[PDB]
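Working notes, beginning with the structure itself.
Chains as they are written, first to last, in full-length UniProt numbering: chain G, 4 to 79; chain U, 44 to 311, 337 to 480.
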């Protein structure tokens, strides 16, 4: 429990009371930049895979239909 | 039947007060309205370093001459500095009353700061600051002042940052000396076997011409501080014990409900647990300083908080009577000794502008009942944002949501 969790030394920690500080300091001021900072940091490691998924999906659907499509030479 | 404290005022403006009693060991003392609150972060250790140096060398008494004189009559020489007041006091015999006053005159004016002496002190002050960290409760109360008065001159310390201490110029000091040692901001207080008329004469001869005019009308002024509820948690797990101080904003010197708050402190697990009412001008910190092993700080906090709320909600007449009796024995008087009486005068003339007699204190104590005590405690403790300062193994010390929220009883 608390008190026996870990041993740190000389780490001072300042803080403020909730009612004393603005609730949403610069929320959209820096939030947007940060959210954008964040996405560019993982976008290249998340989207690429799923992009190919959209692709396989599409190719798959179209291919199936073509298979169903009547063969012109068929019956002729 | 307690003798009244008689106050006079000299042209310079310095107030030469006094008091008289059968005792024969008077404590003469100069109080100055100058502390770390009047410093502007470029001279944050000027009062402390002038205090350390003031005794060591004066123009008239070169080198250690003063400390010899003081030895010759067997007198004792003391000085202290707070965030708002500075005091230079001498305990001596009655018959040595003139020379002591003359000695005090040198200490406040005509003082000599030997650049050499400056250097020697720099060492003393730096080293001590380097070892002062040893005293935890001092570290915790400095942390509490810093986090409670963030951005104001009340956060800084009497000692000041190491930097300012290293960098000090005879000229800087000279400024602080020539700026914050004005005659209207000075009280010459005497307690014990002294005559007021003789002290008033001595005052003029040796303490006249005390400066009163600032430079280029750089008349200082003051800022009403803000009490920023906040915490500071200096975690160092190698220390054996933890010191935690929790405070709220105090009323100030001139607000009479201080007396009622004192009764509340007289009403109030983890080793030492002292309550305190630090009261600077226009603000103060009511609170508690509890030391405790790392595994009990949590409970203590709760106990402390509990006690407070009890005082906001369920104060009874018996504990109020007990607190009034406990307060009425903290009355300072001739039996408290000269130095104590001496000190009060100086603080009373600096803060209230007058010496409040003990009969007025007794009247303000006996007008306090349980209803106004829980009203004033609800005004100052209930649903207030505290300042928290912890030092030691303080991991189980709860964070700010648990403390603040604990300040309001969902049952009232």
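By construction, the Cβ of each residue, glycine as well, lies at the ideal position given by its N, Cα and C atoms.
For the candidate residues 276(U), 201(U), 96(U), 223(U), whose alpha-carbon lies nearest to that of residue 264(U)?
Among 276(U), 201(U), 96(U), 223(U), the Cα nearest to that of residue 264(U) belongs to 223(U).
Return helix, strand or coil for residue 120(U), following the three-state DSSP convention.
Three-state result, residue 120(U): strand.
Taking only beta-carbon positions, decide if residue 43(G) is within less than 8 Å of chain A.
Protein chains in the displayed structure are G and U, and chain A is not among them.
Considering only DSSP beta bridges, list what residue 341(U) is partnered with.
Per DSSP, 358(U).
Do you know offhand how far residue 317(U)'s Cα is from residue 154(U)'s?
Shown without residue 317(U), the model has chain U running from 311 straight on to 337.
Does residue 368(U) get closer than 8 Å to chain G when you measure Cβ to Cβ?
No, because no Cβ of chain G sits closer than 8 Å to the Cβ of residue 368(U).
Listing by chain order, which chain U residues have their CB less than 9 Å from the CB of residue 9(G)?
Those within 9 Å of residue 9(G) in chain U are 280, 463.
Quick one: grab the DSSP three-state call for residue 84(U).
DSSP places residue 84(U) in coil when its eight states are reduced to three.
Tell me whether residue 427(U) sits in a helix, a strand or coil according to DSSP, three-state version.
Three-state result, residue 427(U): helix.
Taking the Cβ atom as the reference point for each residue, do residue 183(U) and residue 176(U) lie within a distance shorter than 8 Å?
No; because the gap between Cβ atoms is not below 8 Å, this pair is not in contact.
Below 8 Å between beta carbons is the criterion; list the residues of the stretch 184-195 of chain U that meet it against any residue of chain G, in chain order.
Those would be 190, in chain order.
What are the start and end residues of the alpha helix (DSSP H) that includes residue 159(U)?
Segment 158-175, the alpha helix (DSSP H) holding residue 159(U).
Going by DSSP, name the residue or residues bridged to residue 292(U).
Note: residue 292(U) sits in a beta bridge opposite 353(U).
Can you list, in chain order, the residues of its chain whose CB lies under 7 Å from that of residue 95(U), leaving out five sequence neighbours each side?
Around residue 95(U): 164, 167, 168.
Determine, using beta carbons only, whether residue 6(G) comes closer than 8 Å to chain U.
Judged by the 8 Å Cβ criterion, residue 6(G) is in contact with chain U.
Give the secondary structure of residue 475(U) by DSSP, where H, G and I count as helix, E and B as strand, and everything else as coil.
Looking at residue 475(U) - three-state DSSP - the assignment turns out to be coil, as it is neither helix nor strand.
Compare the C-beta of residue 174(U) with all C-beta atoms of chain G and state if any pair is closer than 8 Å.
Not an interface residue.
Given a limit of 9 Å on CB to CB distance, which residues of the stretch 200-229 of chain U reach chain G?
Answer set for the stretch 200-229 of chain U: empty.
Name, please, each residue of chain U whose Cβ falls closer than 9 Å to the Cβ of residue 25(G).
What residue 25(G) touches in chain U: nothing, since even the nearest Cβ is about 14 Å away.
Only counting the same chain, and skipping five residues up and downstream in sequence, which positions put a Cβ closer than 6 Å to that of residue 452(U)?
291.
So, under 8 Å CB-CB, residue 97(U) and residue 288(U) are touching, yes? Tell me the CB distance rounded to an integer number of Å.
The Cβ separation is near 31 Å, so there is no contact.
I need the DSSP call for residue 71(U), collapsed to helix, strand or coil.
Three-state DSSP puts residue 71(U) in a strand.
As a quick exercise: from 58(U), 79(U), 101(U), 303(U), pick the residue whose alpha carbon is nearest that of residue 125(U).
Checking every option, the nearest Cα to that of residue 125(U) belongs to 79(U).
Mind listing, in chain order, the continuous alpha helix (DSSP H) runs of no fewer than 4 residues lying wholly within the stretch 363-439 of chain U?
DSSP runs (the alpha helix (DSSP H)) wholly in the stretch 363-439 of chain U: 365-381, 385-395, 406-419, 426-434.
Is the CB of residue 468(U) under 8 Å away from at least one CB in chain G?
By this cut-off, residue 468(U) is an interface position.
Would you list the residues sitting across from residue 229(U) in a DSSP beta bridge?
Residue 229(U) pairs with 75(U).
Select from 309(U), 358(U), 308(U), 284(U) the residue whose C-alpha is nearest the C-alpha of residue 341(U).
It is 358(U) whose Cα lies nearest to the Cα of residue 341(U).
Spatial neighbours of residue 476(U) within its chain, please: C-beta separation below 6 Å, excluding the five flanking residues on both sides.
Cβ neighbours of residue 476(U) beyond the five flanking positions: 451.
Can you give me the start and stop residues for the beta strand (DSSP E) that residue 126(G) sits inside?
The structure shown has nothing for residue 126(G), since chain G only spans 4 to 79.
Is residue 11(G) helix, strand or coil by DSSP?
Note: residue 11(G) maps to coil in three-state DSSP.
At least one CB of chain U closer than 8 Å to the CB of residue 15(G): is that the case?
At least one chain U Cβ lies under 8 Å of residue 15(G).
Buried or exposed, going by whether 16 or more other CB atoms sit within 10 Å of the CB of residue 434(U)?
Burial call: exposed.
Which residues of the stretch 253-278 of chain U have a Cβ closer than 8 Å to any Cβ of chain G? Give them in chain order.
For the stretch 253-278 of chain U, which is checked against every Cβ of chain G, the residues closer than 8 Å are 271, 272, 273, 274, 275, 276, 277, 278.
Rank 467(U), 293(U), 90(U) by C-alpha distance to the C-alpha of residue 215(U) and give the top, closest one.
Of 467(U), 293(U), 90(U), the residue nearest in Cα terms is 90(U).
Within a Cβ cutoff of 8 Å, which residues of the same chain sit near residue 370(U), ignoring the five residues on either side of it in sequence?
Cβ neighbours of residue 370(U) beyond the five flanking positions: 474.
Which of helix, strand or coil does DSSP assign to residue 101(U)?
Of the three classes helix, strand and coil, the one that applies to residue 101(U) here is strand, per DSSP.
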